[PDB]
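> quick one, fold the following:
(chains A, B, C, D, E and F, ligands or ions: 25)
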Amino acid sequence: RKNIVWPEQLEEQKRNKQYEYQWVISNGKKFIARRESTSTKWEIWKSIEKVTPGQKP
Amino acid sequence: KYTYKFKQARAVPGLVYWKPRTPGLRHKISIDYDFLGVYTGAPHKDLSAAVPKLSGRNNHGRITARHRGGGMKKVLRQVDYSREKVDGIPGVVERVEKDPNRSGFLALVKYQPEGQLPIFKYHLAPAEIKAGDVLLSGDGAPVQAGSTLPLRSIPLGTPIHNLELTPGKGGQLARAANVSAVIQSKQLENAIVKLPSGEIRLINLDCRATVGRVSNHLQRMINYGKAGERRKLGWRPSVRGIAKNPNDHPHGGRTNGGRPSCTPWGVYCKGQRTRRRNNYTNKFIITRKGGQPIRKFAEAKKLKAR
Amino acid sequence: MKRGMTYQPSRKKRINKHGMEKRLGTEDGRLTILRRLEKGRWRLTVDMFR
Amino acid sequence: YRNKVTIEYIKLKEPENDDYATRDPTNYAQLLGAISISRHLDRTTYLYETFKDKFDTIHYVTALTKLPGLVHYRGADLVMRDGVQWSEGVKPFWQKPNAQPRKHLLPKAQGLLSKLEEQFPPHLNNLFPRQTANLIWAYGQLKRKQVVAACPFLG
RNA sequence: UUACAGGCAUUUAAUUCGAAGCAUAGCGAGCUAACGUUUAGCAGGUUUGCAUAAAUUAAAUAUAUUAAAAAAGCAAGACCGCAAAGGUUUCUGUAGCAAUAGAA
RNA sequence: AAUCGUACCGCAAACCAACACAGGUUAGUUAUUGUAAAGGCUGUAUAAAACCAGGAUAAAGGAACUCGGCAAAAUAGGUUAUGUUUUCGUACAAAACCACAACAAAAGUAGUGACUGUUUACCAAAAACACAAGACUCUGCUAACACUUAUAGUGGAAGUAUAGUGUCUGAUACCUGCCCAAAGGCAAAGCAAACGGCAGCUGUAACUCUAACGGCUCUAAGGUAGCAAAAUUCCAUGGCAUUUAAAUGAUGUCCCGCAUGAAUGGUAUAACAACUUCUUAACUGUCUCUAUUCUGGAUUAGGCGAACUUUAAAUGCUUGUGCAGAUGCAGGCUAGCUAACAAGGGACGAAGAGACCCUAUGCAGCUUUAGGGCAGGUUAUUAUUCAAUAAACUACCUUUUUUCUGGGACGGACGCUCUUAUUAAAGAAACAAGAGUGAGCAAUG
Ligand SMILES: [K+]
Ligand SMILES: [K+]
Ligand SMILES: [K+]
Ligand SMILES: [K+]
Ligand SMILES: [K+]
Ligand SMILES: [K+]
Ligand SMILES: [K+]
Ligand SMILES: [Mg+2]
Ligand SMILES: [Mg+2]
Ligand SMILES: [Mg+2]
Ligand SMILES: [Mg+2]
Ligand SMILES: [Mg+2]
Ligand SMILES: [Mg+2]
Ligand SMILES: [Mg+2]
Ligand SMILES: [Mg+2]
Ligand SMILES: [Mg+2]
Ligand SMILES: [Mg+2]
Ligand SMILES: [Mg+2]
Ligand SMILES: [Mg+2]
Ligand SMILES: [Mg+2]
Ligand SMILES: [Mg+2]
Ligand SMILES: [Mg+2]
Ligand SMILES: [Mg+2]
Ligand SMILES: [Mg+2]
Ligand SMILES: [Mg+2]
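Residues are numbered from 1 along each chain as shown, chains lettered A, B, ... in the order given. Ligands and ions are numbered 1, 2, ... in the order given. You can find the structure just below:
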C-alpha cells in the first residue's frame, strides 16, 4: 500500500492551510467569513465578540 | 506437524487448549495473551490509521492477488524500524502489543528528550523485553538484547535481527517470529552474514541491526479449527486446478494431471527457477539457499548452449 | 424463480449513469450527443426538462 | 526452418520543418511560430482567444502582418495558368480587375482585426522601423481588400 | 466492315427469399457473480467452558479460614424454535394466478 | 429569518412484473394468560348427475399394496435404576414412573464423505466443490508473481523465509514398498507426495493333491503390506452360514483380483447427514374392497366474452385393392331427422422445417510430440550509453485432417496384363471367380 496518510501528516497539512477573510454584517451584528484557498465555498466562521481583528487566531 | 496427542497433553504454557465441546473446537489451539502479558486492545491514536481493505485489487480495479478479501476492519500501525532519530535518548518500554498484520509483537516506547515533550514510537519487540525495560541505540550502547548498533560493533557469534541492507533506509531482512541472523566474518568494508533462509550474503559494515531475536516463540503451535477462522482474517477459498474445466486451467480436462504440474499460466512449479540469471545483485550473494554457489546458478544455461 | 423484474428504478442511479453531465465528460459521450443532434431527436438525454 | 524469411526495414520520412497545425503552443517562441505559419483565420482566432494574455509587441505585429494573406479572393475572380507553380514573383493565376474577397471571410477578418486594434495602443512606443514598415504595408493591403477604410495609427 | 433488333456468353449487388457464423466500432454490473464504504435486523427457551468487585455481604475475628447466584460479562461456524432466508418430498397447475406459481 | 419537500397510493386495483397479475417489495410502532382494544374489509340466482380437486368418518384384517411403506396414520413430551460404544466432550438401549387446556413423530445394519458450509436462477443438492490439516517446489526485497503499450503506475505489502506465490492430497488414528532406462520437461549431470511404469515358462514331499524347494528367458523395475464377489467381477443369480412358509435381496465369510493396491493415497474410525441400502416396533383406506358425507368446480339459468385449428366437404361398416395399414377406389352390406350430457378406439388427431442416423463449398468450441509463423515473457549470442537476430521452453495467431461402401464405423481396395460364366462377330457390370506384374538381357539385340 503505497498511499497512506498518518496522523502526523494530517496535522501538518491542517496547520499549513490558508484562508481568505471577509467581514459581513447580519442583523446589525458583525461576522467574519472565510474561504479555503483550495475551495470555492464561503462560510461564516465566528463573530467579532470572540475574535480579535489584527491578530492570527 | 500437528498431532492429536499434542492437544490432549496440554503441556506447553501460553496456549489455550479449547475443550472438544463442538466439532469446530476439537482441533483448535490458540495463544493466551493474558498469560504472556501481551496487550490486545486498540493501538495508539497518534501511531495508527484506519484504511479500507483492497482485497488484492490494483488501481485498474482488477484482481492481481488471488484469494483475498472479506475479513474484519483493518487498522495499521506505524513502526520505526530505524532508530536513528533517538540515537542518544534512552527509551522506556510501556507495553507489548499484538498486531494482526504481523506475526511478531510490537513494543511501545516513550522517550523524554531534554527540553521537549515525551515522544512515543513503535518498535519490533526483541525476544526478551518486557514492560519497564530500557532500550538504547547508537554509539556507546551495551551489546544486549534490544540494542541497535552498526555492524562494526557487534560480535561475530551474536544473533541479530532487523538488519538493514542500505545504510539508513531501515531494517528489512529479519522480522518474522522467532528468527535471527548471524555474522560469520568481517572484511575490509563488508561482513559475511547468514540469513534465516541459510543464504550467505555480503552486507556493508555501516548498516545497523538489533541484538536478539523476534518476540513470538509460539507461532508454529497454532491450529485454526474452522474454515471461518481464516475467513475472519481476510482469506478466501481456492479451487484445485484439476477440478476446473479445460478453458480455465491447464489441468482442466476430465483426466487428472495429464501434463506436469504447472501454474495457471503454464510454468512448471516443481523446481523451475524464477530468479534472473543475470541479476545485478549476483555480486553480493556468495552461496544460495541449499549450498549452491552463485557461479553455478549464474552460468548454467551458458554451458549448455556451448 | 420468476423473471422479468430486471429494472429496479433509482433516480440517483439514472442521472449518474446516463445524465448529460456524464455524456459530456468523455469523447465517446460527446459523439453520442452529436449523433442524436444529427438525427433530430427532440429529447437528447433522460436528464432533460424545461 | 522450412519457410525461409526475408526482412525489410522501411523508414517513414517526415517533413524537416514542423507545421504548427494541431498542437497548442507552450512557450514564447512556439506561440510566435504558430501565429506566423497559421493557415486559416479560424486558427488565428483560436490562438488569440486562448492565449490572449501571453502576447507581446512582436506577437501583435506578426498577427497583423499575416492577416492580409489569410483573406482570399473569390474563385470566380481568378483564372488559373496552365502548369504554372508558385515561385519567386510568379503565381499560378492572374487576377481579374477589381477582384472581390470571399463572401464568408469579410466578417471574420473585420471581427478579428477589431480585437487586435483594441489591445495594440499600449505597444505603440516599442516599435522599430521594420515593425512600422510592415504595419503600414499590412494596412494598405487590408484597405485594398474590403476589410478597413482607414488606418487608426497612421499619424 | 459499320449500325439496328434478337438469342447466348463474360464481368459488376445481377432471377427472388433464407442460415449457423467472421471482422471493426460503440452501449451495458438498476438482473446476477465477487468485492469496497456506510447502515440495519434476528420472539421466547435449552446445554456447555470460563470470568469478582475504588473496599461484595455475613461470620470467624489473632492464627487458620468458612458460607452464599456474592458477577447487568466473554466464549460456541452449540441445540429446540416465532420472524426471516431457503427449495427436500408429494400433489395441483401446464398459453397456467405465474415465460418456473400454489398448498402441505 | 433565505431556498427545496409537504395533496393522494405505499403487502398495493396507483410501485417492479405487457393486466384491477394467487408473484416481488425496506424500516418504525400498537391490543392479547387459555386470548385479543382501536382500526379496516365484504359474495349474480339454485340444487337430491357422472367425474375431478381439498377435508371428515369407517365393520373384520393390518404392507397381503408397490420399483420402493410413495401418500396417509400413529403417546408424540419429561425423569430413570442398570448396560453398551467413545476422539472421554458425546451418542444409544431400558422395565417403570410423572402429564390441566394448546404444540408434537423412531431405532438398528451396510456403503460414501470427518464435521457447520457451497453448487447447475427454469428437470440433477449429491458420494461433486470448499474446508481445518500434511507434503513438494519457487522467492534475499526494486522479492517471486499479476494488471498494463510500459519507458509509467498499481496490487503483493509497507509485509521480509516461523513470510509470500503455485501445485496435488483432504479432520483424526495406524501406515505409505521398487524403478529416472527409452521419448520429453525441469535442474547444481540430479528430480517420482513432478507427469508416469511396476513379467513369463518349467520340474519337484509316503496314496493322491499341492509345491516349502529347483532350472531357464527378459526388463529401468518386475505389485510389498493391506483389502477384496467390491460404487471395481465377463462366466454369475459364484460356494457355505444366518435371515423367510418361499431369498437374482441384506449381513458375515472363502479368494491372483477379466481389469485391487498404498498422498490421482491404502485400511479403520466416535459424532454428524431433507444422501443410497436392508431390518425391527408401532401405525394406518397403500391394499383384500370399498361405502357414505362436507367444501369448491363441473353440471342448470341471466349477464359478459377468449384460444390452439381450418385446400374444399352433403364426412357409415367389412374384405379386396393400391407410394405396400382407405370416410372418398372394387365386391358384400347399411334407410326416420338435428342436437344435448358422457367416454376417448380412428381421422397414420393438434403443438415445434427430427434432437437419433446419414449427407454438406458446412459453422463453432476444446486437445495434441498434425504443418507454418514470432508478435509478450524467460533463455542464448552480439552491440550502444528502454536495443538487434532466434530450428529452444511457455503464451498467442493462422491453416489441414480423401473417396468407394447392399446406411455409417471397423476391415479391405484404388495403376497395368492373362483366364472363367453371359456360346461359336466385336462389346458388356457386381466389395463375382482363378492367376501374374512396378522387371531382366552388352546378349537373351
Ligand atoms: K482447494
Ligand atoms: K487433464
Ligand atoms: K448450522
Ligand atoms: K497427483
Ligand atoms: K443430505
Ligand atoms: K378420440
Ligand atoms: K441393406
Ligand atoms: Mg465438473
Ligand atoms: Mg447453530
Ligand atoms: Mg440457491
Ligand atoms: Mg378400518
Ligand atoms: Mg410385497
Ligand atoms: Mg458432507
Ligand atoms: Mg448441511
Ligand atoms: Mg435446476
Ligand atoms: Mg444439502
Ligand atoms: Mg431440486
Ligand atoms: Mg490427514
Ligand atoms: Mg485409483
Ligand atoms: Mg479419499
Ligand atoms: Mg357452478
Ligand atoms: Mg385396406
Ligand atoms: Mg370403405
Ligand atoms: Mg428436417
Ligand atoms: Mg463416404
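
> in chain A, which spans are strands?
A:19-26, A:29-36, A:42-47 (DSSP state E).

> what residue lies at the spatial centre of chain C?
residue C:18 (3.2 Å; C-alpha atoms, centre = their mean).

> any idea how far the nearest residue to it once chain neighbours are set aside lies from residue D:49?
Of all residues beyond its chain neighbours, the one nearest residue C:18 is residue C:46 (5.2 Å), with distances taken as C-beta to C-beta, 6 or more residues apart in numbering or on different chains. Placement of C-beta: from N, CA and C, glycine included. Distance of residue C:46 to residue D:49, given as C-beta to C-beta, to the nearest Å: 34 Å.

> what do you get for residue B:237?
For residue B:237 relative to residue D:49 (C-beta to C-beta), the value is 61 Å.

> residue B:194 too?
71 Å.

> out of those two, which sits in the busier spot?
residue B:194 (15 against 10; other C-beta atoms under 10 Å in any protein chain shown).

> which element, helix or strand, includes the residue nearest to the more buried one when sequence neighbours are not counted?
Spatial nearest neighbour of residue B:194, excluding adjacent residues (C-beta to C-beta, 6+ apart): residue B:182 at 5.1 Å. Per DSSP states H and E: residue B:182 is located in strand B:182-186.

> would you mark the buried spots in the following helix or strand past that strand?
Sequence-wise, the next helix or strand downstream of strand B:182-186 (DSSP H and E) is strand B:190-194. Buried residues in strand B:190-194, counted by 16 or more other C-beta atoms under 10 Å in any protein chain shown: B:190-193.

> remind me, longest helix of chain D?
When chain D is parsed with DSSP state H, its longest helix is helix D:129-144.

> need phi/psi at the residue nearest to the spatial centre of chain D.
Closest to where the C-alpha atoms of chain D average out (C-alpha atoms, centre = their mean) is residue D:66, at 4.0 Å. Backbone torsions of residue D:66, given as degrees, to the nearest 10, read phi -90, psi -20.

> could I get the contacting residues of it?
Residue D:66 makes contact with D:35-36, D:38, D:44 under the criterion C-beta atoms under 8 Å, 6 or more residues apart in numbering or on different chains.

> how about a cut-off of 7 Å?
Counting by C-beta atoms under 7 Å, 6 or more residues apart in numbering or on different chains, residue D:66 touches D:35-36, D:38.

> again with residue D:58
With C-beta under 7 Å, 6+ apart, residue D:58 has these contacts: residue D:32.

> so which strand or helix has it?
Going by DSSP H and E, residue D:58 is in helix D:57-70.

> chain center to that helix, what's the gap?
7 Å (C-alpha atoms, centre = their mean, to the nearest Å).

> quick check: buried residues in that helix?
D:57, D:59-68, D:70.

> so where do the helices sit in chain B?
Counting by DSSP H, the helices of chain B are B:4-9, B:33-36, B:227-231, B:294-298, B:301-305.

> okay if I get those helices as CSV plus mean neighbour count and distance to residue D:136?
As requested, the helices of chain B are exported to CSV (neighbours: other C-beta atoms under 10 Å in any protein chain shown; distance: least, C-beta to C-beta, whole Å):
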stretch, mean neighbour count, distance to residue D:136
helix B:4-9, 12, 105
helix B:33-36, 14, 93
helix B:227-231, 12, 86
helix B:294-298, 14, 78
helix B:301-305, 8, 78
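
> tell me how many other residues surround the residue nearest to residue C:18.
Counted with other C-beta under 10 Å, residue C:46 comes out at 12.
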